[PDB]
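# A closer look at the structure
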Amino acid sequence: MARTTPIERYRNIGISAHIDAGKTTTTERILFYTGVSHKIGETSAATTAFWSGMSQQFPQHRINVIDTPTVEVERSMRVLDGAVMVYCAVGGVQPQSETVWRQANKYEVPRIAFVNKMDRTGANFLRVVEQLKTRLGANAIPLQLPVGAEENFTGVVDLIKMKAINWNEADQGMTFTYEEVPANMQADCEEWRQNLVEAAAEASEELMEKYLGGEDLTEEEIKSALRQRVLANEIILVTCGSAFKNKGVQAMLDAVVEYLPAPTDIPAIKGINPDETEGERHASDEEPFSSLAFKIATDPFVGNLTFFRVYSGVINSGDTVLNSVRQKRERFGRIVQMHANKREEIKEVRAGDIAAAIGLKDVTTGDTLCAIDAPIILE
Ligand SMILES: [Cl-]
């Protein structure tokens with residue numbers, strides 16, 4: 001059997017937010033747009049979905065949306081590869097934001113932010129951006145400026161393209177048109193675009209010399225540079241909008257593709273070998289199989305669903321593997337992946353992907369399931 005989506009096109013993401021930021025609505029919109037990704041045009045532990053861009057401008061990407069509400073929150077940081085930090089445009093950075101931010105830094109998790117609720121009374125995008133800097137110590141770089149705020153919120157400006165995004169209300173924002181930046185925003189957009197170009201220029205000596213030399217960096221140069229810096233945990237890119245009003249999540253999904261890491265963009269997972277020496281497993285189908293079980297869900301029709309993240313190699317239905325923590329063998333039977341509106345039966349799971357096994361005999365959350373001939377304990 002063959003791999004259908006290249007590993008570099010996977011995005012394992014978790015959504016982190018305070019209770020009042022609109023996490024449930026943001027997640028529901030992500031699942032809505034990524035469930036109809038081929039029609040887009042110019043409670044599961046993990047849900048499989050697809051995205052090819054608001055304008056079908058990217059090859060198809062596989063997005064795994066991982067539910068991420070001490071050890072549990074830290075395990076989730078190892079299951080996802082990148083995070084989307086959701087903040088309220090009114091409330092901004094809360095005390096609980098400071099705590100989750102620290103777990104994210106501990107596991108060096110690249111992230112972008114989505115400032116939601118731009119249509120609510122008291123919305124102030126740049127105030128939230130400034131709070132990310134002053135309260136969390138983040139080098140927060142806006143990718144956009146909102147068009148209006150509160151009852152006047154109508155869209156967002158993509159600072160790189162210098163175009164306003166006008167989403168179609170009738171089709172729930174499945175389609176949109178790019179418009180000229182409004183005259184009353186031109187000055188602010190120029191200032192904030194220069195801010196993001198400066199951030200891009202810091203990525204390499206070649207780009208810095210071009211920037212200081214008076215030449216304009218291209219959109220491709222800017223995006224590659226910003227991606228490098230996000231992956232290196234140097235900056236957090238900021239998007240905004242309203243999930244409920246169908247204006248913003250779509251552009252944030254483009255940002256997930258453009259700036260968040262693939263399984264191959266983060267360091268190889270570390271573990272302990274049988275002889276007590278440290279080992280590692282690279283994000284490759286050719287490496288020996290290794291995975292971490294991260295959630296056990298009950299189901300009244302088939303029994304326990306053991307959710308696992310594969311870090312290396314491949315596992316097929318029928319394979320017998322080792323639970324290295326328990327020193328017991330397990331044989332995989334039925335494997336499934338949850339989509340937004342249905343469950344899909346699959347026969348194999350490869351490096352960088354997530355799925356759930358049915359009928360495993362004795363697997364605890366935190367257990368490593370790996371190759372018998374190449375044992376390792378990841379957690
Ligand atoms: Cl309001």
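Looking at the entry header, you'll see X-ray crystallography listed as the method and 1.78 Å as the resolution.

The protein is annotated in the PDB entry as Elongation factor G from Haemophilus influenzae. Reading the Subcellular location entry of the UniProt record for the protein gives the comment "Cytoplasm". For the protein, the Sequence similarities comment in UniProt is given as "Belongs to the TRAFAC class translation factor GTPase superfamily. Classic translation factor GTPase family. EF-G/EF-2 subfamily."

### Some words on the packing of helix α2 (residues 71–79) against helix α3 (residues 95–106)
Two numbers describe how α2 lies on α3: the axes approach to 10 Å, and their chain directions differ by 45°. One finds that α2 runs oblique with respect to α3. With respect to the hand of their crossing, α2 and α3 are arranged in right-handed fashion. Within the contact between the two elements, α2 uses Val 73, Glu 74 and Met 77 and α3 uses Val 100, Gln 103, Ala 104 and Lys 106. Class assignment for the residues of the contact of α2 with α3 results in 4 nonpolar, 1 polar and 2 charged.

### As for the pairing of strand β15 (residues 305–312)
Counting buried residues in β15 gives 8 out of 8 residues, a clear majority hidden from the surface. Pairing between strand β14 (residues 290–297) and β15: 7 bridges, direction antiparallel. The partner of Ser 290 across the bridge, within β15, is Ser 312. Judged from the 5 bridges that link them, β15 and strand β22 (residues 354–358) form a sheet pairing that is antiparallel. Residue pairing in the sheet places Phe 308 in a bridge with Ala 355 of β22.

### Focus on the domain arrangement of the protein
Often the size quoted for an interface is simply the accessible area lost on bringing the parts together. Here the protein is partitioned into domain 1 (1–267) and domain 2 (268–379). Here the C-alpha centroids of domain 1 and domain 2 sit 30 Å apart. Buried surface at the junction of domain 1 and domain 2, summed over both partners, amounts to about 2100 Å²; 52% is from carbon and sulfur atoms. Three residues, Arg 3, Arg 75 and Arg 78, lead the burial of domain 1 against domain 2; their summed loss comes to 29% of the area buried on that side. For the pair domain 1 and domain 2, the interface holds 4 salt bridges.

### What to know about the environment of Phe 308
When you line up the elements, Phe 308 lands in strand β15. A residue is classified by how much of its surface remains accessible, and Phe 308, at 0% relative accessible area, is buried. Note: C-alpha distance between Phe 308 and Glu 286 (22 residues apart in sequence) is 19 Å.

### Here's the deal with the packing of aromatic side chains
Pairs of aromatic rings are described using the distance from one ring centre to the other and the angle between the two planes. For the structure shown, the criterion picks out 4 aromatic pairs. Here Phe 294 and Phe 307 contribute two aromatic rings whose centre-to-centre distance is 6.3 Å and whose plane-to-plane angle is 55°, an arrangement assigned as tilted. Residue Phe 294 is found in strand β14, and its partner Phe 307 is found in strand β15; the two are separated by 13 residues along the sequence. No difference in accessibility class separates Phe 294 from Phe 307, as the two residues are buried. Measuring from centroid to centroid gives 5.4 Å for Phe 308 and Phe 332, while their planes differ by 80°, and the two rings are edge-to-face. Remark: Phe 332 occurs in the loop between β18 (328–331) and β19 (335–338) and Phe 308 occurs in strand β15; sequence separation between them is 24 residues. Geometry around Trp 101 places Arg 111 over its ring, the cationic atom sitting 4.4 Å from the centre.

So, how was this worked out
- Residues numbered from 1 in each chain as written, not as in the entry; some residues may be left out.
- Heavy atoms only, no water.
- UniProt positions renumbered as here; feature names shortened; annotations may be inferred.
- Axes fitted to C-alpha atoms, helices over the stretch in contact; angles between N-to-C directions.
- Helix = DSSP H or I, 4+ residues; strand = E, 2+ residues; numbered from the N terminus.
- Parallel < 35°, antiparallel > 145°, perpendicular 65-115°, else oblique.
- Left-handed = near helix turned anticlockwise from the far one by under 90°.
- Contact = heavy atoms within 4.5 Å.
- Nonpolar A, V, L, I, M, F, W, Y, C, P; charged D, E, K, R; others polar.
- Buried < 20%, exposed > 50% of the residue type's maximum accessible area, 1.4 Å probe, protein only.
- Pairing = 2+ DSSP bridges.
- Domains from an automatic or database assignment.
- Buried area = accessible area lost by both parts, 1.4 Å probe.
- Salt bridge = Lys/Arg side-chain N within 4 Å of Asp/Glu carboxyl O.
- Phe/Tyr/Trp six-rings, centres within 6.5 Å; stacked < 30°, edge-to-face > 60°.
- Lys NZ or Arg CZ within 6 Å of the ring centre and 35° of its normal.

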